[PDB]
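*Asks:* First the structure, then my questions, so here it is.
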2 protein chains.
Amino acid sequence: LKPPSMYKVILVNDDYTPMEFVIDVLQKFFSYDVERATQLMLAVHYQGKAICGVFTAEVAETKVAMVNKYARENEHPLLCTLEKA
Amino acid sequence: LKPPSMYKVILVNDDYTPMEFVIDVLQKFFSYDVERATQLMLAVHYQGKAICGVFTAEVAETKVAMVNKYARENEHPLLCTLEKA
């Protein structure tokens with residue numbers, strides 16, 4: 001069989017995206033409670049990036065695509081990326 | 001009288017089916033708890049096959065067909081077979 005390959009799903013910092021939006025994303029797509037979501041968002045703002053979750057490759061691809069889709073639908077340049085864990 | 005004809009329902013190892021999926025199958029179709037499902041999966045992986053259950057011929061046919069069905073719609077090669085017990 002094939003063991004799981006785990007990928008980091010990361011959010012990358014950009015000056016033009018509302019902080020509210022980022023939180024909105026975290027609760028919506030990562031089922032984070034508000035308190036944790038805020039923490040991650042602050043991480044994105046100052047560290048310039050923050051790992052939101054670790055998922056199997058297929059789940060991770062889906063998340064990234066859905067987030068970027070959601071961002072562009074709302075006219076924000078916010079970017080979500082994968083990285084081999 | 002007629003003794004029931006018992007058939008082994010077996011899972012066969014291939015290098016492309018996620019281990020996650022196999023466990024999903026075991027709980028779903030064989031009402032296994034997660035811990036057991038894992039053991040069987042490891043057996044399939046290392047031994048190249050594992051007996052998931054022993055059922056009457058009619059029940060066994062049904063299982064096999066439903067498993068392979070489920071596998072194909074999830075686009076996995078995993079093969080479920082029968083063998084006279």
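We name chains A, B, ... following the order of the structure tokens; residues begin at 1 in each chain, and ligands are numbered from 1 as shown.
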For segment 12-27 of chain B, work out the shell of residues within 6 Å, counting only C-alpha atoms and skipping chain neighbours fewer than 5 positions away, then give it as a VMD selection string.
*Replies:* (chain A and resid 1 to 3) or (chain B and resid 32 37 44 to 45 48 to 49 76 78 to 79)
*Asks:* Would you please extract all strand (DSSP E or B) residues from segment 18-73 of chain A, as assigned by DSSP on the backbone, and give them as a list in words?
*Replies:* residues 49, 50, 51, 52, 53, 54, 55 and 56 of chain A
*Asks:* Restricting the output to N, CA and C atoms, write the selected residues as a tab-separated table (two decimals), in the first residue's frame.
*Replies:*
```
chain	number	residue	atom	x	y	z
A	49	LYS	N	4.48	34.42	7.19
A	49	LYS	CA	3.90	33.14	6.80
A	49	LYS	C	3.51	32.36	8.05
A	50	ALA	N	2.58	31.43	7.89
A	50	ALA	CA	2.14	30.61	9.01
A	50	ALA	C	1.55	29.31	8.50
A	51	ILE	N	1.95	28.20	9.11
A	51	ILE	CA	1.41	26.89	8.77
A	51	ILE	C	0.06	26.71	9.43
A	52	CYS	N	-0.96	26.52	8.60
A	52	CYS	CA	-2.34	26.43	9.06
A	52	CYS	C	-2.76	25.01	9.38
A	53	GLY	N	-2.20	24.05	8.66
A	53	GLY	CA	-2.53	22.66	8.89
A	53	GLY	C	-1.55	21.73	8.20
A	54	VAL	N	-1.60	20.46	8.59
A	54	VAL	CA	-0.83	19.43	7.92
A	54	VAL	C	-1.79	18.33	7.50
A	55	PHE	N	-1.87	18.10	6.19
A	55	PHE	CA	-2.84	17.17	5.65
A	55	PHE	C	-2.16	16.21	4.70
A	56	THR	N	-2.88	15.17	4.30
A	56	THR	CA	-2.37	14.27	3.29
A	56	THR	C	-2.34	15.05	1.98
```
*Asks:* Let's see if you can do this: from backbone DSSP, list all alpha helix (DSSP H) residues in chain A, as an NGL selection string.
*Replies:* :A and (19-30 or 34-47 or 57-73)
*Asks:* Measuring atom to atom with only C-alpha atoms, identify which of A:11, A:41, A:85, A:5 is nearest to chain B.
*Replies:*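 Result for the nearest residue to chain B: A:5.
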*Asks:* Please, can I see chain B fitted onto chain A by all in-order Cα atoms (least squares), as a PDB file with N, CA and C atoms, in the first residue's frame?
*Replies:*
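Done, and the output landed in out_32.pdb:
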```
ATOM      1  N   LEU B   1       3.983  -1.109   3.498  1.00  0.00           N
ATOM      2  CA  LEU B   1       2.782  -0.354   3.166  1.00  0.00           C
ATOM      3  C   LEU B   1       3.146   1.040   2.706  1.00  0.00           C
ATOM      4  N   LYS B   2       2.148   1.778   2.233  1.00  0.00           N
ATOM      5  CA  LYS B   2       2.368   3.154   1.822  1.00  0.00           C
ATOM      6  C   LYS B   2       1.974   4.125   2.925  1.00  0.00           C
ATOM      7  N   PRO B   3       2.955   4.889   3.435  1.00  0.00           N
ATOM      8  CA  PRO B   3       2.649   5.957   4.387  1.00  0.00           C
ATOM      9  C   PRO B   3       1.992   7.110   3.645  1.00  0.00           C
ATOM     10  N   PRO B   4       0.988   7.749   4.258  1.00  0.00           N
ATOM     11  CA  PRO B   4       0.371   8.891   3.581  1.00  0.00           C
ATOM     12  C   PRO B   4       1.402   9.979   3.333  1.00  0.00           C
ATOM     13  N   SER B   5       1.317  10.628   2.179  1.00  0.00           N
ATOM     14  CA  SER B   5       2.167  11.775   1.900  1.00  0.00           C
ATOM     15  C   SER B   5       1.524  13.023   2.487  1.00  0.00           C
ATOM     16  N   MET B   6       2.211  13.643   3.443  1.00  0.00           N
ATOM     17  CA  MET B   6       1.653  14.777   4.167  1.00  0.00           C
ATOM     18  C   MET B   6       2.194  16.087   3.610  1.00  0.00           C
ATOM     19  N   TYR B   7       1.298  17.050   3.411  1.00  0.00           N
ATOM     20  CA  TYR B   7       1.682  18.358   2.902  1.00  0.00           C
ATOM     21  C   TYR B   7       1.229  19.471   3.827  1.00  0.00           C
ATOM     22  N   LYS B   8       2.136  20.414   4.073  1.00  0.00           N
ATOM     23  CA  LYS B   8       1.825  21.622   4.821  1.00  0.00           C
ATOM     24  C   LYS B   8       1.012  22.546   3.935  1.00  0.00           C
ATOM     25  N   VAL B   9      -0.070  23.075   4.485  1.00  0.00           N
ATOM     26  CA  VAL B   9      -0.825  24.115   3.807  1.00  0.00           C
ATOM     27  C   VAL B   9      -0.479  25.445   4.454  1.00  0.00           C
ATOM     28  N   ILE B  10       0.123  26.329   3.672  1.00  0.00           N
ATOM     29  CA  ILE B  10       0.676  27.557   4.208  1.00  0.00           C
ATOM     30  C   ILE B  10      -0.049  28.776   3.659  1.00  0.00           C
ATOM     31  N   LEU B  11      -0.091  29.832   4.465  1.00  0.00           N
ATOM     32  CA  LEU B  11      -0.594  31.129   4.030  1.00  0.00           C
ATOM     33  C   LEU B  11       0.558  32.117   3.990  1.00  0.00           C
ATOM     34  N   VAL B  12       0.622  32.908   2.925  1.00  0.00           N
ATOM     35  CA  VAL B  12       1.735  33.829   2.746  1.00  0.00           C
ATOM     36  C   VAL B  12       1.312  35.288   2.901  1.00  0.00           C
ATOM     37  N   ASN B  13       2.178  36.061   3.550  1.00  0.00           N
ATOM     38  CA  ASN B  13       1.880  37.437   3.930  1.00  0.00           C
ATOM     39  C   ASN B  13       1.957  38.434   2.775  1.00  0.00           C
ATOM     40  N   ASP B  14       0.936  39.278   2.674  1.00  0.00           N
ATOM     41  CA  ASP B  14       0.962  40.405   1.754  1.00  0.00           C
ATOM     42  C   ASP B  14       0.308  41.603   2.433  1.00  0.00           C
ATOM     43  N   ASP B  15       0.670  42.804   1.997  1.00  0.00           N
ATOM     44  CA  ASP B  15       0.291  44.015   2.713  1.00  0.00           C
ATOM     45  C   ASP B  15      -1.123  44.512   2.398  1.00  0.00           C
ATOM     46  N   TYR B  16      -1.917  43.718   1.685  1.00  0.00           N
ATOM     47  CA  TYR B  16      -3.198  44.222   1.189  1.00  0.00           C
ATOM     48  C   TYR B  16      -4.423  43.407   1.588  1.00  0.00           C
ATOM     49  N   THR B  17      -4.210  42.217   2.133  1.00  0.00           N
ATOM     50  CA  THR B  17      -5.331  41.386   2.551  1.00  0.00           C
ATOM     51  C   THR B  17      -5.729  41.711   3.981  1.00  0.00           C
ATOM     52  N   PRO B  18      -6.993  42.105   4.178  1.00  0.00           N
ATOM     53  CA  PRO B  18      -7.508  42.407   5.515  1.00  0.00           C
ATOM     54  C   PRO B  18      -7.240  41.276   6.498  1.00  0.00           C
ATOM     55  N   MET B  19      -6.941  41.633   7.739  1.00  0.00           N
ATOM     56  CA  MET B  19      -6.765  40.643   8.784  1.00  0.00           C
ATOM     57  C   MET B  19      -8.085  39.941   9.062  1.00  0.00           C
ATOM     58  N   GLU B  20      -9.181  40.686   8.960  1.00  0.00           N
ATOM     59  CA  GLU B  20     -10.517  40.120   9.092  1.00  0.00           C
ATOM     60  C   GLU B  20     -10.688  38.944   8.153  1.00  0.00           C
ATOM     61  N   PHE B  21     -10.309  39.155   6.898  1.00  0.00           N
ATOM     62  CA  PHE B  21     -10.516  38.160   5.861  1.00  0.00           C
ATOM     63  C   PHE B  21      -9.770  36.871   6.175  1.00  0.00           C
ATOM     64  N   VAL B  22      -8.501  37.000   6.540  1.00  0.00           N
ATOM     65  CA  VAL B  22      -7.677  35.845   6.857  1.00  0.00           C
ATOM     66  C   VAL B  22      -8.327  34.989   7.943  1.00  0.00           C
ATOM     67  N   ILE B  23      -8.860  35.632   8.974  1.00  0.00           N
ATOM     68  CA  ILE B  23      -9.539  34.917  10.049  1.00  0.00           C
ATOM     69  C   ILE B  23     -10.793  34.228   9.523  1.00  0.00           C
ATOM     70  N   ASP B  24     -11.495  34.907   8.626  1.00  0.00           N
ATOM     71  CA  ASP B  24     -12.682  34.354   7.995  1.00  0.00           C
ATOM     72  C   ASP B  24     -12.303  33.047   7.314  1.00  0.00           C
ATOM     73  N   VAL B  25     -11.203  33.097   6.575  1.00  0.00           N
ATOM     74  CA  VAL B  25     -10.693  31.942   5.851  1.00  0.00           C
ATOM     75  C   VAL B  25     -10.373  30.777   6.785  1.00  0.00           C
ATOM     76  N   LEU B  26      -9.668  31.066   7.870  1.00  0.00           N
ATOM     77  CA  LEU B  26      -9.216  30.028   8.781  1.00  0.00           C
ATOM     78  C   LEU B  26     -10.376  29.269   9.418  1.00  0.00           C
ATOM     79  N   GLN B  27     -11.412  29.985   9.824  1.00  0.00           N
ATOM     80  CA  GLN B  27     -12.562  29.340  10.430  1.00  0.00           C
ATOM     81  C   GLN B  27     -13.325  28.562   9.377  1.00  0.00           C
ATOM     82  N   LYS B  28     -13.398  29.142   8.185  1.00  0.00           N
ATOM     83  CA  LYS B  28     -14.232  28.621   7.115  1.00  0.00           C
ATOM     84  C   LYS B  28     -13.655  27.332   6.550  1.00  0.00           C
ATOM     85  N   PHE B  29     -12.362  27.354   6.255  1.00  0.00           N
ATOM     86  CA  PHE B  29     -11.727  26.238   5.572  1.00  0.00           C
ATOM     87  C   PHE B  29     -10.959  25.321   6.517  1.00  0.00           C
ATOM     88  N   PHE B  30     -10.587  25.802   7.698  1.00  0.00           N
ATOM     89  CA  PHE B  30      -9.823  24.969   8.624  1.00  0.00           C
ATOM     90  C   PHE B  30     -10.547  24.737   9.944  1.00  0.00           C
ATOM     91  N   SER B  31     -11.830  25.080   9.979  1.00  0.00           N
ATOM     92  CA  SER B  31     -12.665  24.808  11.142  1.00  0.00           C
ATOM     93  C   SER B  31     -11.957  25.175  12.445  1.00  0.00           C
ATOM     94  N   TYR B  32     -11.149  26.227  12.389  1.00  0.00           N
ATOM     95  CA  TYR B  32     -10.523  26.762  13.585  1.00  0.00           C
ATOM     96  C   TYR B  32     -11.534  27.575  14.373  1.00  0.00           C
ATOM     97  N   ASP B  33     -11.388  27.570  15.695  1.00  0.00           N
ATOM     98  CA  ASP B  33     -12.123  28.504  16.532  1.00  0.00           C
ATOM     99  C   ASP B  33     -11.480  29.876  16.359  1.00  0.00           C
ATOM    100  N   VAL B  34     -12.195  30.916  16.760  1.00  0.00           N
ATOM    101  CA  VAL B  34     -11.770  32.273  16.461  1.00  0.00           C
ATOM    102  C   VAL B  34     -10.443  32.617  17.136  1.00  0.00           C
ATOM    103  N   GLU B  35     -10.278  32.213  18.390  1.00  0.00           N
ATOM    104  CA  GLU B  35      -9.058  32.532  19.126  1.00  0.00           C
ATOM    105  C   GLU B  35      -7.813  32.015  18.410  1.00  0.00           C
ATOM    106  N   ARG B  36      -7.848  30.753  17.998  1.00  0.00           N
ATOM    107  CA  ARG B  36      -6.727  30.162  17.283  1.00  0.00           C
ATOM    108  C   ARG B  36      -6.482  30.867  15.958  1.00  0.00           C
ATOM    109  N   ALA B  37      -7.565  31.113  15.224  1.00  0.00           N
ATOM    110  CA  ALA B  37      -7.484  31.755  13.919  1.00  0.00           C
ATOM    111  C   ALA B  37      -6.694  33.052  14.022  1.00  0.00           C
ATOM    112  N   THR B  38      -6.910  33.778  15.114  1.00  0.00           N
ATOM    113  CA  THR B  38      -6.243  35.052  15.332  1.00  0.00           C
ATOM    114  C   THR B  38      -4.738  34.861  15.477  1.00  0.00           C
ATOM    115  N   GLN B  39      -4.343  33.880  16.281  1.00  0.00           N
ATOM    116  CA  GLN B  39      -2.934  33.620  16.512  1.00  0.00           C
ATOM    117  C   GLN B  39      -2.229  33.356  15.196  1.00  0.00           C
ATOM    118  N   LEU B  40      -2.805  32.464  14.398  1.00  0.00           N
ATOM    119  CA  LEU B  40      -2.201  32.098  13.129  1.00  0.00           C
ATOM    120  C   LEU B  40      -2.051  33.335  12.266  1.00  0.00           C
ATOM    121  N   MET B  41      -3.103  34.143  12.228  1.00  0.00           N
ATOM    122  CA  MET B  41      -3.098  35.346  11.413  1.00  0.00           C
ATOM    123  C   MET B  41      -1.943  36.258  11.819  1.00  0.00           C
ATOM    124  N   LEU B  42      -1.750  36.426  13.123  1.00  0.00           N
ATOM    125  CA  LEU B  42      -0.655  37.242  13.630  1.00  0.00           C
ATOM    126  C   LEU B  42       0.676  36.678  13.171  1.00  0.00           C
ATOM    127  N   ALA B  43       0.764  35.353  13.154  1.00  0.00           N
ATOM    128  CA  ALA B  43       1.968  34.684  12.704  1.00  0.00           C
ATOM    129  C   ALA B  43       2.233  35.050  11.253  1.00  0.00           C
ATOM    130  N   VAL B  44       1.196  34.976  10.426  1.00  0.00           N
ATOM    131  CA  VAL B  44       1.348  35.289   9.016  1.00  0.00           C
ATOM    132  C   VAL B  44       1.828  36.715   8.864  1.00  0.00           C
ATOM    133  N   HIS B  45       1.251  37.605   9.663  1.00  0.00           N
ATOM    134  CA  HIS B  45       1.524  39.027   9.542  1.00  0.00           C
ATOM    135  C   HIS B  45       2.967  39.356   9.910  1.00  0.00           C
ATOM    136  N   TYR B  46       3.442  38.785  11.012  1.00  0.00           N
ATOM    137  CA  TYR B  46       4.739  39.157  11.567  1.00  0.00           C
ATOM    138  C   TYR B  46       5.882  38.283  11.053  1.00  0.00           C
ATOM    139  N   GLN B  47       5.611  36.988  10.912  1.00  0.00           N
ATOM    140  CA  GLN B  47       6.602  36.039  10.415  1.00  0.00           C
ATOM    141  C   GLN B  47       6.638  36.008   8.890  1.00  0.00           C
ATOM    142  N   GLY B  48       5.551  36.438   8.261  1.00  0.00           N
ATOM    143  CA  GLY B  48       5.487  36.484   6.812  1.00  0.00           C
ATOM    144  C   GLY B  48       4.882  35.227   6.221  1.00  0.00           C
ATOM    145  N   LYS B  49       4.556  34.271   7.089  1.00  0.00           N
ATOM    146  CA  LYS B  49       3.938  33.010   6.680  1.00  0.00           C
ATOM    147  C   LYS B  49       3.510  32.214   7.912  1.00  0.00           C
ATOM    148  N   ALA B  50       2.593  31.266   7.726  1.00  0.00           N
ATOM    149  CA  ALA B  50       2.134  30.417   8.827  1.00  0.00           C
ATOM    150  C   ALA B  50       1.495  29.127   8.323  1.00  0.00           C
ATOM    151  N   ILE B  51       1.871  28.013   8.944  1.00  0.00           N
ATOM    152  CA  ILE B  51       1.311  26.716   8.595  1.00  0.00           C
ATOM    153  C   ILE B  51      -0.041  26.546   9.265  1.00  0.00           C
ATOM    154  N   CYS B  52      -1.071  26.423   8.440  1.00  0.00           N
ATOM    155  CA  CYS B  52      -2.440  26.354   8.923  1.00  0.00           C
ATOM    156  C   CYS B  52      -2.858  24.926   9.213  1.00  0.00           C
ATOM    157  N   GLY B  53      -2.303  23.984   8.464  1.00  0.00           N
ATOM    158  CA  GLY B  53      -2.614  22.590   8.690  1.00  0.00           C
ATOM    159  C   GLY B  53      -1.627  21.659   8.028  1.00  0.00           C
ATOM    160  N   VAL B  54      -1.761  20.378   8.343  1.00  0.00           N
ATOM    161  CA  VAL B  54      -1.017  19.345   7.654  1.00  0.00           C
ATOM    162  C   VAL B  54      -2.003  18.280   7.228  1.00  0.00           C
ATOM    163  N   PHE B  55      -2.088  18.052   5.920  1.00  0.00           N
ATOM    164  CA  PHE B  55      -3.065  17.130   5.361  1.00  0.00           C
ATOM    165  C   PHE B  55      -2.417  16.193   4.361  1.00  0.00           C
ATOM    166  N   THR B  56      -3.161  15.170   3.956  1.00  0.00           N
ATOM    167  CA  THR B  56      -2.724  14.276   2.895  1.00  0.00           C
ATOM    168  C   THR B  56      -2.705  15.051   1.580  1.00  0.00           C
ATOM    169  N   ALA B  57      -1.879  14.616   0.634  1.00  0.00           N
ATOM    170  CA  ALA B  57      -1.671  15.358  -0.610  1.00  0.00           C
ATOM    171  C   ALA B  57      -2.969  15.758  -1.318  1.00  0.00           C
ATOM    172  N   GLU B  58      -3.942  14.857  -1.376  1.00  0.00           N
ATOM    173  CA  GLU B  58      -5.173  15.151  -2.100  1.00  0.00           C
ATOM    174  C   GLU B  58      -5.991  16.203  -1.369  1.00  0.00           C
ATOM    175  N   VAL B  59      -6.133  16.035  -0.059  1.00  0.00           N
ATOM    176  CA  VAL B  59      -6.866  16.997   0.755  1.00  0.00           C
ATOM    177  C   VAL B  59      -6.203  18.376   0.701  1.00  0.00           C
ATOM    178  N   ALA B  60      -4.870  18.392   0.722  1.00  0.00           N
ATOM    179  CA  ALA B  60      -4.096  19.631   0.719  1.00  0.00           C
ATOM    180  C   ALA B  60      -4.284  20.410  -0.583  1.00  0.00           C
ATOM    181  N   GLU B  61      -4.203  19.712  -1.713  1.00  0.00           N
ATOM    182  CA  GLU B  61      -4.444  20.327  -3.015  1.00  0.00           C
ATOM    183  C   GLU B  61      -5.807  20.998  -3.046  1.00  0.00           C
ATOM    184  N   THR B  62      -6.821  20.265  -2.597  1.00  0.00           N
ATOM    185  CA  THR B  62      -8.188  20.765  -2.574  1.00  0.00           C
ATOM    186  C   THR B  62      -8.284  22.061  -1.777  1.00  0.00           C
ATOM    187  N   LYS B  63      -7.756  22.040  -0.556  1.00  0.00           N
ATOM    188  CA  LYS B  63      -7.776  23.217   0.310  1.00  0.00           C
ATOM    189  C   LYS B  63      -7.186  24.414  -0.413  1.00  0.00           C
ATOM    190  N   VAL B  64      -5.939  24.274  -0.851  1.00  0.00           N
ATOM    191  CA  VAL B  64      -5.241  25.368  -1.504  1.00  0.00           C
ATOM    192  C   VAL B  64      -6.104  25.974  -2.598  1.00  0.00           C
ATOM    193  N   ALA B  65      -6.607  25.130  -3.489  1.00  0.00           N
ATOM    194  CA  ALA B  65      -7.400  25.595  -4.623  1.00  0.00           C
ATOM    195  C   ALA B  65      -8.672  26.327  -4.190  1.00  0.00           C
ATOM    196  N   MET B  66      -9.308  25.846  -3.127  1.00  0.00           N
ATOM    197  CA  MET B  66     -10.539  26.457  -2.631  1.00  0.00           C
ATOM    198  C   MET B  66     -10.266  27.790  -1.952  1.00  0.00           C
ATOM    199  N   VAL B  67      -9.130  27.875  -1.274  1.00  0.00           N
ATOM    200  CA  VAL B  67      -8.760  29.089  -0.573  1.00  0.00           C
ATOM    201  C   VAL B  67      -8.472  30.190  -1.578  1.00  0.00           C
ATOM    202  N   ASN B  68      -7.590  29.906  -2.532  1.00  0.00           N
ATOM    203  CA  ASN B  68      -7.232  30.880  -3.558  1.00  0.00           C
ATOM    204  C   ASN B  68      -8.456  31.327  -4.348  1.00  0.00           C
ATOM    205  N   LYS B  69      -9.342  30.377  -4.619  1.00  0.00           N
ATOM    206  CA  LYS B  69     -10.604  30.664  -5.277  1.00  0.00           C
ATOM    207  C   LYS B  69     -11.377  31.710  -4.481  1.00  0.00           C
ATOM    208  N   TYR B  70     -11.600  31.404  -3.210  1.00  0.00           N
ATOM    209  CA  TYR B  70     -12.370  32.256  -2.320  1.00  0.00           C
ATOM    210  C   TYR B  70     -11.753  33.643  -2.212  1.00  0.00           C
ATOM    211  N   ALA B  71     -10.424  33.685  -2.247  1.00  0.00           N
ATOM    212  CA  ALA B  71      -9.675  34.929  -2.123  1.00  0.00           C
ATOM    213  C   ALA B  71      -9.879  35.803  -3.352  1.00  0.00           C
ATOM    214  N   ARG B  72      -9.846  35.178  -4.523  1.00  0.00           N
ATOM    215  CA  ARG B  72      -9.959  35.899  -5.783  1.00  0.00           C
ATOM    216  C   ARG B  72     -11.354  36.468  -5.985  1.00  0.00           C
ATOM    217  N   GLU B  73     -12.370  35.738  -5.542  1.00  0.00           N
ATOM    218  CA  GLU B  73     -13.737  36.199  -5.722  1.00  0.00           C
ATOM    219  C   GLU B  73     -14.070  37.297  -4.720  1.00  0.00           C
ATOM    220  N   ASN B  74     -13.277  37.382  -3.657  1.00  0.00           N
ATOM    221  CA  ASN B  74     -13.375  38.504  -2.733  1.00  0.00           C
ATOM    222  C   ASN B  74     -12.345  39.563  -3.096  1.00  0.00           C
ATOM    223  N   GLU B  75     -11.624  39.302  -4.180  1.00  0.00           N
ATOM    224  CA  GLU B  75     -10.718  40.278  -4.771  1.00  0.00           C
ATOM    225  C   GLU B  75      -9.579  40.642  -3.833  1.00  0.00           C
ATOM    226  N   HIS B  76      -8.985  39.616  -3.229  1.00  0.00           N
ATOM    227  CA  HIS B  76      -7.844  39.770  -2.332  1.00  0.00           C
ATOM    228  C   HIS B  76      -6.646  39.020  -2.887  1.00  0.00           C
ATOM    229  N   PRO B  77      -5.444  39.558  -2.670  1.00  0.00           N
ATOM    230  CA  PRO B  77      -4.204  38.986  -3.212  1.00  0.00           C
ATOM    231  C   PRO B  77      -3.724  37.743  -2.454  1.00  0.00           C
ATOM    232  N   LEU B  78      -4.272  37.519  -1.264  1.00  0.00           N
ATOM    233  CA  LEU B  78      -3.782  36.469  -0.373  1.00  0.00           C
ATOM    234  C   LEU B  78      -3.430  35.177  -1.111  1.00  0.00           C
ATOM    235  N   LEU B  79      -2.255  34.630  -0.804  1.00  0.00           N
ATOM    236  CA  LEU B  79      -1.756  33.433  -1.482  1.00  0.00           C
ATOM    237  C   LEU B  79      -1.639  32.213  -0.567  1.00  0.00           C
ATOM    238  N   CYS B  80      -2.354  31.151  -0.925  1.00  0.00           N
ATOM    239  CA  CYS B  80      -2.238  29.877  -0.226  1.00  0.00           C
ATOM    240  C   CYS B  80      -1.416  28.870  -1.033  1.00  0.00           C
ATOM    241  N   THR B  81      -0.372  28.335  -0.412  1.00  0.00           N
ATOM    242  CA  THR B  81       0.540  27.427  -1.096  1.00  0.00           C
ATOM    243  C   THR B  81       0.604  26.056  -0.422  1.00  0.00           C
ATOM    244  N   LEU B  82       1.342  25.138  -1.042  1.00  0.00           N
ATOM    245  CA  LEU B  82       1.657  23.853  -0.431  1.00  0.00           C
ATOM    246  C   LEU B  82       3.155  23.697  -0.286  1.00  0.00           C
ATOM    247  N   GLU B  83       3.551  22.761   0.559  1.00  0.00           N
ATOM    248  CA  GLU B  83       4.945  22.389   0.665  1.00  0.00           C
ATOM    249  C   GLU B  83       5.035  20.990   1.250  1.00  0.00           C
ATOM    250  N   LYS B  84       5.776  20.129   0.566  1.00  0.00           N
ATOM    251  CA  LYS B  84       6.071  18.802   1.073  1.00  0.00           C
ATOM    252  C   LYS B  84       6.460  18.897   2.542  1.00  0.00           C
ATOM    253  N   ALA B  85       5.731  18.177   3.391  1.00  0.00           N
ATOM    254  CA  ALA B  85       6.002  18.181   4.824  1.00  0.00           C
ATOM    255  C   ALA B  85       7.365  17.564   5.128  1.00  0.00           C
TER     256      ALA B  85
END
```
